[PDB]
Every structure is written in structure tokens, then in C-alpha cells.
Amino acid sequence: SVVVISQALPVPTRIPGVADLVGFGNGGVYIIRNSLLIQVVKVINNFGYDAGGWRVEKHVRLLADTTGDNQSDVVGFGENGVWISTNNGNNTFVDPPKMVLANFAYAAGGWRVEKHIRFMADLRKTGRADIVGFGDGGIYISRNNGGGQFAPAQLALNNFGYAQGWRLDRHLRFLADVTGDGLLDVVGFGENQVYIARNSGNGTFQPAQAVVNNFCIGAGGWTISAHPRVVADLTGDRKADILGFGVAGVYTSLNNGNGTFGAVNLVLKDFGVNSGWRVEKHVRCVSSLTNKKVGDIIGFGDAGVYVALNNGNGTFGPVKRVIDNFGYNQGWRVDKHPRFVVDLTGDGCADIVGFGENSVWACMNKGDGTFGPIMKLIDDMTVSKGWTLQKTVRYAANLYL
């Protein structure tokens, strides 16, 4: 697959890759490096609930390469600005973090987790992540000029902001390449249309264009509470398509290749409301599970994990239950046990990792979208070791390649 940044998954992971696990726990930052030694290493005495007073409801914590060396850094949008702990290359990070910009923060700019979105993204092909925020006035960017130097925030576009009516309980915003030039464009599921704003590569986005009159709360009755939507390449040309988990099942609108979109089609009669899928019980993902390197469908359902494989053109094979685990029936809960679909083995076919009640578990893809047995990774970064959704943040992330 390709680099798409979403609200649900603001830290993209590489296909192929051997993703690491990163936890912002009470006591600070801990990593599990993907390797022959599986252990938890504490790396930063900060960015934690107790270590610095970091709060899920006030602050944002991400990973991103802010230097251009393909190593991920820790990035926190704190009370009064943006703090970065850079990767030292050896499973250590700079501590204390450095405050790079007095903006995009609770008390510097009036940023609110419940109103605004903050990402890091290399928006100008410099190799380094710029700060990008969907704020009040529109989209703001702080340019990453290297050496830890971030420029004062500049308005990238006067759209997709709270002022323009954008709401986290109604609407969705993504960064994804819809043209194939490698620049991440805005894709926004608004009140009545899906819009794109083309990335000009210079810290600005072009005027919004409506591309589809569906997939929205006011067009087709798509709600945040029942009908998740994603953007992902379903054909293998590196250009992002639209995919929605609706009522009858999965609908898509395919990119024509130039960032305009096709008609909306029902392509699979599963993974929707009518087949019993529920945002409160289940996790629904699109990731590459095969050597076709396109978006396949993965659902963590009741009885286990279900998969429908993309034929390579956005049509799908039959739904198969591939693992009898990680499901609601096995006690896995959306509010307690983070589950990710990411490559942990370097073959290009995404695997499964789940932060369970007692242990972190993984289940590896055989290379063809079928899976091996469940494997216990470590007894840490779990509910029973004091990690909750309300006080901790957990990601899969490529710290290195």
C-alpha cells in the first residue's frame, strides 16, 4: 500500500516493513523493537500521563521522521507548543524533548482535540515531516526547515476547518495522494460531498473540488457512528480510492487516475450494518495482505478475523474467517484492546497485532492472505499492566526500516 494519513491511523506504516510497537504510557515512552529480542524499553521520561501530564483529551502524540534520515521521532502537541524527541538511531531518543514551535497547542493557538486535527506529513517532498493542522480558520502548516527549525504557521488553505463547518462527529479528513505525483492531497468527507484539495507542493492546497455526492452524512446517510470510511489504493497504481463500510456492505468510488472519481458501487455484500458489523464491537481495516499490493478488507468481527481479498482491481473475493481469535467473542473490545493490521515480518503482506487484556499477540500472514497461529509477544502494554485507552496511546510504527 501507499502513505495515507487518517484520523483513525495518523501514523502510517510501511508495506513491506517490520513495524515496531510504541507506547505512550503513564511513565513516558516505551518501545518494543521488532527483532529477535522482544522486550519493552523505556526511552523518554516524558510524553506520559504522569511523566509531563500528557492527556489524551488535550494533547496529540505521534511518530514521524522530522529530519529526513528515515528514522521516526516522537512528536507531541503539548500544552504550549510542539515538542520533539529525535531518534538517536540506537533505540534511544533525545530526552528532554525540544520545543520547536509555540503553536498547534491547547494554550498556544487554542487547539482542541474535540474540534481540530493535527498530523505530521512530508507535504513538500523534502524528506522531512511538516506540521499540519486542520484548525479553525482552515488548514495550517508549519514548515520543517531542517535542524529542528519549524517556521511560523502559515494558512495552507481556508477550508476544511471548524469555521467552514467541519465536525468530528459528522465528517472525515484524510491526507492521501489522489493524482500519483507523490504529494498528499486533502480528501474530505463533508456534509454533502467528498472534496479534494490538490497539494501544490509549496505548503498550500488548491481550492476544494467536489468529487462524489455520497459517503457523507448529508449524501447517502453515512454516519460516524455506524459507517466507517477509508481512503486506500484498491488497484495498485499508487492513487487512492474511496471505500466505505455502509449498510448493505462495502461501497467504493474508484479514482479515474487524475483525482476525479467514478460512480459509487456496492462491491461486497458483507462488513456492513446489514451483516451485523458495528463500530462499537468491531474493527474494519483496509491493508495489503498479498503480493498484489492493493487494499484488501480485514474485519475483526464476532467469531474472529474476516478477510476479503482484492482481485487487484477493486473487486473482491469471498469473505473467509482466517483466525478464530481477536474477535468480540474472544473477549476483545474496541474500548480496551487496540488491534492493527501492519507488516511485522517484511514480506509486504500485512500481519495482525493486538494489545490484549494480558498480553500483546500477533498472527502472521503466510504471504497469501491466510494466517498462521496466534503468537504471544510479551506481557506488557496491556490492560492488566495498567494501559488504558483513556490514559495511554499505542501505535505500530516503523522507528527504522
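One-based numbering along the sequence shown.
Between the stretches 326-334 and 208-216, it is 208-216 that shows the larger average CA temperature factor.
In this entry, 258-266 shows the higher mean Cα temperature factor of the pair 258-266 and 301-309.
Per the PDB entry, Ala51 shows the highest C-alpha temperature factor of the residues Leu63, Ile32, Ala51, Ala350. Of the candidates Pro96, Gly76, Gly249, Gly295, the PDB record gives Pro96 the highest C-alpha temperature factor. In the PDB entry, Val18 places in the middle third of its chain by CA B-factor. Ranked by Cα temperature factor within the chain, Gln154 sits in the highest third according to the deposited record. For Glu114, the recorded CA temperature factor ranks within the highest third of the chain's modelled residues. For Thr126, the recorded CA B-factor ranks within the highest third of the chain. Only modelled residues enter the ranking. When all modelled residues of the chain are sorted by CA temperature factor, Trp166 is found within the highest third.
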